[PDB]
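Q: Following this message is one structure expressed as structure tokens.
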Amino acid sequence: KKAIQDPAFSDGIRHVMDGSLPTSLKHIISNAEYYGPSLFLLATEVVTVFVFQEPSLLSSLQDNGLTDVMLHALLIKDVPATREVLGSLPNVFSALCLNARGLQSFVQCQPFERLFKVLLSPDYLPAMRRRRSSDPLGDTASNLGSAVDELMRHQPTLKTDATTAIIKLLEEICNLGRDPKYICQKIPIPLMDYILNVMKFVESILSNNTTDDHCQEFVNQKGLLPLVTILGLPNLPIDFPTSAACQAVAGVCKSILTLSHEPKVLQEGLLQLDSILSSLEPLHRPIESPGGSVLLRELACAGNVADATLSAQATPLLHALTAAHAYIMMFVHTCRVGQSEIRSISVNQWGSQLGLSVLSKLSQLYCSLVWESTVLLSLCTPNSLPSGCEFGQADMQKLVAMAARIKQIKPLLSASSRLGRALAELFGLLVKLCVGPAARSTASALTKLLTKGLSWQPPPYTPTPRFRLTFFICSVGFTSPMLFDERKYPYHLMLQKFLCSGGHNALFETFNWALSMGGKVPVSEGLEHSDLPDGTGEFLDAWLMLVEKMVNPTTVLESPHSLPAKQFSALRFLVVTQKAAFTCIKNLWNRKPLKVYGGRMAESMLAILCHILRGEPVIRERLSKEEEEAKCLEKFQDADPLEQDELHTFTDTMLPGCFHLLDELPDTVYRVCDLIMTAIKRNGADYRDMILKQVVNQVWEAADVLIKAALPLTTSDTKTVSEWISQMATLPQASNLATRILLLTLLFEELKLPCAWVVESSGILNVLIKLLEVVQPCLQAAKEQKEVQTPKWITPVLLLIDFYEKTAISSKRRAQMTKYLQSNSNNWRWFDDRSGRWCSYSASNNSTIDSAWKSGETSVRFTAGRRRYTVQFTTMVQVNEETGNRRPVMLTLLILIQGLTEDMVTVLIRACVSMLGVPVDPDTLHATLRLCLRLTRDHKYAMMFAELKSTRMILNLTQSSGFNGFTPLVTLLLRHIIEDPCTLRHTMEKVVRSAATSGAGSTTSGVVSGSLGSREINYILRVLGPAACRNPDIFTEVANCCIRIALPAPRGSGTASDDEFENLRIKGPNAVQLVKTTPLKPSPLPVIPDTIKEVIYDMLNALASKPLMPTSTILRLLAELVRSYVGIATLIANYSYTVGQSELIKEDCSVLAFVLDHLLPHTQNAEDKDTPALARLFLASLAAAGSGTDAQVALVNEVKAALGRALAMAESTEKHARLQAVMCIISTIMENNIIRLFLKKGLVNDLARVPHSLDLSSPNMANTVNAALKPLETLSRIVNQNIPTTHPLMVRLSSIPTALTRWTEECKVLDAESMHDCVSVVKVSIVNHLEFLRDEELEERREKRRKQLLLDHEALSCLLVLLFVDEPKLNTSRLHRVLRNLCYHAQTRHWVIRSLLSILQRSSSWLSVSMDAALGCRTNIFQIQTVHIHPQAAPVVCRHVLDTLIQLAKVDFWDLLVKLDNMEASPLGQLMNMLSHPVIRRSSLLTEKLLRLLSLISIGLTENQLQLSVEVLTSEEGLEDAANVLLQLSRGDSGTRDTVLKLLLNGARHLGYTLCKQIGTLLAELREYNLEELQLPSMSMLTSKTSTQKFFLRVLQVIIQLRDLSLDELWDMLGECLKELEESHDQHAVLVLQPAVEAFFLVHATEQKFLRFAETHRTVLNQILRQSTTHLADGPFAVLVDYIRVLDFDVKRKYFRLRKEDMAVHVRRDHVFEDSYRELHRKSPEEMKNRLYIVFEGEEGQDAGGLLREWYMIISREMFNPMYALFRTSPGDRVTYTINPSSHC
Amino acid sequence: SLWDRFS
């Protein structure tokens, strides 16, 4: 098979099938049971591949009947049942048909009737089973189908018969599904496996190329009936419709629909569905007696059959249900189609007379199945739901103690439930298709279903009302998806038909019925009645959730799914809906809530009220602006609008109910705020005030009663321990506050200033602060009980206070902003970063933006150039709605809330720290820390917060008392404590300078490192806004002192004219005020206050149920602190611990020394996991912080001392860990003054001398040495070269963060949108100063114009000792780089190189480097008695030293070494002399490395002779290296050229003489072998890889390579021996002289004896060349180009073997000879040399190589057709051909 | 998802 598919047989493969081969393939194919199936497949595949390489010779395969045996073995005889054979049969038939005669024979024998029988046979099911449980279901059926599809696509005549056989398979499935005698297994028959495989097959066949020719043929041959009938098959199982087989049938039908656009698939399904729905009408008819389910009266009455549900006669209605389910799982699949045309034909089919007959019967089926499912479910319930009645018991007594009945009922109910689910999916998707003429009737029938479900009433015998309520819930559950889309927008067609047809009056009648219980109780009393049915809350939850969607004007009016204009009004629909809903809500407004489903009821009821209260404005405005279908719509058009006087009185009286809901169901409070807000936005401030004052009076009394609840318990009447502590948390007042405060806070957040002024004027803040002060003792006690239980009302209060002072801040900032703005035509301007201009908006845009900003809207929309822009005043960004480009904006500048007074702040801070002491709760800690963060932004209060020892509490906090934002927030608080006026000033200077100097990027598309946009003062102040908010006064002082507006160069000299326009330009209203920094003023370091040092020290001590601030967190925080503030770095570096301050402390030691020693090293037992990395971060921060010498010098000194300590440590894993960690710190810190210090401190020396103070034999030595080399390498080179925005209750290294980012986050949290107001006040203040200074500097400028040895020997020795030791894990490469970087220094280079050479020579207790050199003995590398290397170790020391020397080349020691243990071109001579020394001369490896070194360096008599001896007696690499060395040296000198050539010639002569002393033995032994194959032992010493032949050839090659020797006796011997060898039988016997023969040609035939030898050895030189791939005309044998008789044919063929294009040749199959003559005979030779591809007119495509070969074959035949008279057969031979002497005709 | 009550 491979050869047939391979060239080099394509010429000649025709003669495979005229051999015996087909007679043996015929037997393998004929005996697929004796030979394996794999072998059968292989044989068929071979024939197939031959038939595709040479289809002509398919006729020969037909002549000998191999194809006729294949047909019989693949069709008539049983196919061997395996995946590959089935997968291959159609490709075989694609071959056997290829001759047209084969096609006839193939179609003669009914091939597809046999081939497709495979799919209905259990013998082949194991072949069909998915392989690996990974490939698709039916993968083998799909593959077979695709193969058959290809076969038909090539041979279209078969299409008609294939689909004829396909329909027969479907028909056969139907028969095996129709008769009773078979039973589907999971007589048993695998009907679902057959169905699945057939459907996957027919899917591939029908829909592969999407040609639609197969779909059309199949549909026109009536195959869709047999297809769609498979769904309805009686004996298919109950679980069929959900199964893969059903999906496969649906997939086939969908494929037909999509690929044919044919309605016929749905029509027939509907016909059969209509047939099935008509069968199960007994499901619609109830018992008409005390009775339960019809399914359970058909089951129970099925005699005593063990499994009735498995028989279609035992359970006709259940099997019919499953048939319906199968049909309905196909219409779902065909509706899930996005082609508007397929969708349109789906709608058309559904809206037909048959479509609507089916849809009516499906609607009645739906209501029957909801009834039956709720009955069977209630019967399966364990005698709880029914009222002790024989409702369905009479049939359960036939069915049958409880488990068995429930376990028979359960299958039935799973059939009903799943059918219903599928049918609801169909109706829902049909609504989508209907919406997006016949659609209108489909929607009519679906809304008639909705009406039927809502107005359905059960039989009077129903035992309990819960059967109707559970029906109603499902009905209400079903109308909501069908009236409203996902995203809650309605379909106006469906609302139209739901209104006109009915279902709105029935929806609200179902509400009235559910509350009144059928009229037993009025609706206004129903909800509160004790005997309300159990399921009336679930119904009312679903009803309210539906009506919430129905009432919302923002979706009912704005729905994308509106009808077109030409009639429905959504306005009158909302009028009638809001009017109907309001009364029902009245009937539920204030009554107490239900046990379950009472908070969802309340929340949807409040949402309905909100929508109504918002809508009656909009609805009234639009109302003012303003056969059956028309009549009903007109009736509902005359709809009374909901009275405006009724919503008024409602909003008046609603608050008692709102507060009842807040007492019963706190979680509703978020919707009550919104309800109150809409009533407020309906009514005036006179109503806002009444609301807020009433809420505040509720808070007031609840707070004053809790203040009276916590008076200290002097008299002991109550327990005073458990009761008082839990009374604060559990009194009703303390449940009220938790919602009255939260409501007041939400109201405050919306109504910012009215509610601020009311909270101020009520004094409620005083009372709340007093209550906070009073609670603290109770909390502390509880902590002393170890039973803290936090009063939940604490978090609302702190949040209220938070938003009160946020609000006061902003108003003051806004007030002084208003004081600096004209209220008329405030100019908004948008920033052009590219030009740097604040360009104005149009007047209409400016007025719109201003008006909507003044309203306080978060965003404003406007259009410019038809582009849509929106501004976001949270961010002050204009977004282009098309592109999303965000651009900055500004406002161009030209009820006073006192806020929390000093006493309040002091008390609040004390209460906060008390709450931090007792870990009150996560959310309460979050609120109190947020409040502290807002308060402590004044340093006075940060000092207060830090003097009460709160950082200790914060460090003590456990993970039980932690929250997402804890560590950010704590970091910000600590920064607020650290930022004293002076440290804040210096840090603000740093931030301002950094931001002005660096063109920072932003989320406003401000180009990074821009020079226009990134540098404007008006933008930089916007970036620095967080800094202005941090402290505006200090920020003014800093910006006035550190900023100056730039002066642009003098445009033109001359005062009269140029300066007039330079004042016009620089000072113009529209200008580009770029910024320059002032030169740095020599700021002194701010002295750190002592309390800030009792804050920093407590964290440093915290370095020394899990803790919430572990060491890792503290280290990160400290790193940030050090990065931002340099005082912190100096303090930490100076700091030191004290004896017995912590368990880990042994004596007075620095913080840094501890971090390096105790925390930094990796240790296998965790305390905190990532402490090492963060400690590394901390130390890197401390180093990077310049801090002059205070931090850097201390750090370097401590690192050094730490290295020393780790060294002197006793040998242990702990020492190694410490050392490695310290080296990593050094590397990190290094990666420039720190490097200056490392040099000054001698850290390079210590690192190098690390070896000395380590064990060389330790296992962990290589890792620590690698670690110490890493900074040595770097240093030698360098020398010698979270925060949640809103509290959860309210709502519904460069890794180190910079100071500006922290301030930004703080600003966001504390004051999200009020930052800009400050940026503006500060901007005005600053600019009124910087422009003055710009004009003064400009005047000054005009006036001035008008007036006009790294390492010492010892350390290097230790490095060489590392070079000596044998450690695989040791990074030799790193050591080599270190040594090279050290050897850039000349003195160091000299010492190193010389020492290495001395080590080499000598090669040929700390120093106890034992090496496992030998099997029995471990040898010490150093024998010290004057230091010797044990000769067993020498080859290793040599190897390492040679590597090092090669690296240096690419770019005393002993006495020092014992002093330790007791505690290019000049040395080329020595290296060459080392070739003589035995350890090197033995080893191939060492010799090669030495030769490599010599070659690299190369870029006297004895030394050159040593080199020549190497090649003479020994490594292809070594050979090349020796050649290079000799060549380069020869180029070095002429006298050395001569001496080397002489020595090489002498070596060659000696080698030849020894060779001749070998060939003489060979010849003699060949004489003695013959004179009485060749394995003469004399041949062995020529076969040898190291034979003198090899050496001789190598030497000769080098001699020639130098040319730009008397050996006639050897030549004669070689000749004689070759002749004797050739005389012998064996041919390859010559090859043992190939190298010597090569040598002869190398010597002779200089760039003749050679020719004579080659002739007398012709077949030998041919064996040479034939074996050689050396190209004849580039090697030495080129000379014989001209004497050609001396080569073999195939040698000359190998030697033998214009841009060329591809080129077409158009010829006719019947004229090829003459068509080619016409096309080509005038073509040029170079056009012929193009690659020809042949096209035969109208013939199919074929292999161009095969088509050319065929063309050549036909031509080579026609040459010898007598009709052309070109060639005639020799009258003697009669098979040859010569020129026809009769071609003159 | 409204028929989950039976299942």
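Protein chains in written order, with our numbering: chain S, 290 to 2074; chain R, 436 to 442.
Note that CB positions come from ideal geometry on N, CA and C, so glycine has one too.
Whole angstroms is fine: what's the gap from S:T1084's alpha carbon to S:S893's?
A: Each residue's Cα considered, the two are about 27 Å apart.
Q: Taking S:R1304 as part of the alpha helix (DSSP H), name the residues at either end of that continuous run.
A: It is not in any alpha helix (DSSP H) - S:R1304 carries neither H nor E in the DSSP assignment.
Q: Under a CB-based cut-off of 7 Å, is S:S1609 close to chain R?
A: Closer than 7 Å: no.
Q: Based on the DSSP output, what are the partners of S:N1169 in its beta bridges?
A: Beta-bridge pairing links S:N1169 to S:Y1158.
Q: Would S:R757 pass as an interface residue toward chain R - the criterion being a Cβ-Cβ separation below 7 Å?
A: No, S:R757 does not count as interfacial toward chain R.
Q: Anything in chain R within Cβ reach of S:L666, meaning under 7 Å, just list it in chain order.
A: Within 7 Å Cβ-Cβ: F441.
Q: Roughly how many angstroms separate the alpha carbons of S:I1710 and S:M1868, rounded to a whole number?
A: Between S:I1710 and S:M1868, the C-alpha separation is close to 44 Å.
Q: Would you identify the three-state DSSP class for S:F2049, choosing helix, strand or coil?
A: Of the three classes helix, strand and coil, the one that applies to S:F2049 here is coil, per DSSP.
Q: On the DSSP bridge assignment, give the partners of S:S1129 in chain order.
A: S:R1118.
Q: Can you find a CB in chain R that lies within less than 7 Å of the CB of S:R694?
A: With 7 Å as the cut-off, S:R694 does not count as an interface residue toward chain R.
Q: Could you give the uninterrupted runs of the alpha helix (DSSP H) lying entirely in the stretch 1648–1703 of chain S, keeping only those of 4 residues or more?
A: Runs found: 1661–1671 and 1675–1692.
Q: For S:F787, return the contacting residues in chain R, with the cut-off set at a CB-CB distance below 7 Å.
A: Residues of chain R passing the Cβ test: none, with the nearest at roughly 18 Å.
Q: Who are the near neighbours of S:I996 in its chain, counting only those whose CB is closer than 8 Å to its CB and skipping five residues on each side?
A: Closer than 8 Å at the Cβ level, and outside the excluded window around S:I996, lie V1056, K1059, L1060 and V1063.
Q: With distances taken from CA atoms, which of S:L665, S:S730 and S:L738 is nearest S:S705?
A: Of S:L665, S:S730 and S:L738, the residue nearest in Cα terms is S:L665.
Q: In angstroms with no decimal places, state the Cα-to-Cα distance between S:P411 and S:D482.
A: Going from the Cα of S:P411 to the Cα of S:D482 covers about 9 Å.
Q: Comparing the C-beta of S:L712 with each C-beta of chain R, is any distance below 7 Å?
A: No, its Cβ sits nowhere closer than 7 Å to a Cβ of chain R.
Q: Going by beta-carbon coordinates alone, are S:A1934 and S:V1968 separated by less than 7 Å?
A: It is a contact, given that the beta carbons lie within the stated cut-off.
Q: Distance check for S:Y323 and S:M2042, CA to CA, integer angstroms please.
A: Using only the alpha carbons, I get a separation of about 40 Å.
Q: Examine chain R for any beta-carbon lying closer than 7 Å to the beta-carbon of S:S1024, and answer yes or no.
A: For S:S1024, the answer is no, since every Cβ of chain R falls outside 7 Å of its Cβ.
Q: Could you check what DSSP says for S:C873 in three-state terms: helix, strand or coil?
A: Three-state DSSP puts S:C873 in a helix.
Q: Rounded to whole angstroms, what's the CA-CA distance from S:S1114 to S:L1310? Just pull it up for me.
A: S:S1114 and S:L1310: Cα-Cα distance of roughly 23 Å.
Q: Just to confirm before moving on: does the CB-CB distance between S:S383 and S:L347 stay below 7 Å?
A: No, they are not a contact pair.
Q: Would you mind listing the alpha helix (DSSP H) stretches within the stretch 812–865 of chain S that are 4+ residues and don't spill past its ends, in chain order?
A: You should have 812–815, 825–840 and 842–845.
Q: Is there a Cβ from chain R that is less than 7 Å from the Cβ of S:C1067?
A: So no, S:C1067 is outside the interface.
Q: Quick check on S:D300: does DSSP put it in helix, strand or coil?
A: Reduced to three states, the DSSP call for S:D300 is coil.
Q: Threshold first: 3 residues or longer. Then list the beta strand (DSSP E) segments lying entirely within the stretch 1974–2007 of chain S, N to C.
A: You should have 1991–1996.
Q: Give me the Cβ distance between S:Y780 and S:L772, rounded to the nearest whole Å; I'm assuming they're in contact under 8 Å.
A: That belief holds up - the Cβ atoms of S:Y780 and S:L772 are roughly 7 Å apart, short of 8 Å.
Q: Between S:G766 and chain R, is there a C-beta pair that is closer than 7 Å?
A: With 7 Å as the cut-off, S:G766 counts as an interface residue toward chain R.
Q: Among the candidates S:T1190, S:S1342 and S:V487, whose CA atom is the shortest distance from the CA of S:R1631?
A: Ranking the options by Cα distance to S:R1631, first place goes to S:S1342.
Q: Taking only the alpha-carbon atoms, compute the straight-line gap between S:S2045 and S:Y2022 and give it to the nearest angstrom.
A: S:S2045 and S:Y2022: Cα-Cα distance of roughly 17 Å.
Q: So what's S:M806 in DSSP terms, helix, strand or just coil?
A: Note: S:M806 maps to coil in three-state DSSP.
Q: Going by CA-CA distance only, name the one from S:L1645, S:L1760, S:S1773 and S:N1660 that's closest to S:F1742.
A: The residue with the shortest Cα to Cα distance from S:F1742 is S:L1645.
Q: Output yes if chain R places a C-beta closer than 7 Å to the C-beta of S:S582; else output no.
A: It does not; no Cβ of chain R falls within 7 Å.
Q: What first and last residue would you give for the beta strand (DSSP E) that runs through S:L525?
A: Unbroken run through S:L525: none, as it is neither H nor E.
Q: Against chain R, does S:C763 count as a neighbour if the rule is that its beta carbon must be under 7 Å from one of theirs?
A: Closer than 7 Å: yes.
Q: Near S:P575, what residues of its chain come up, given a Cβ to Cβ distance below 6 Å and the 5 sequence neighbours on each side ignored?
A: These residues qualify, in order along the chain: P748.
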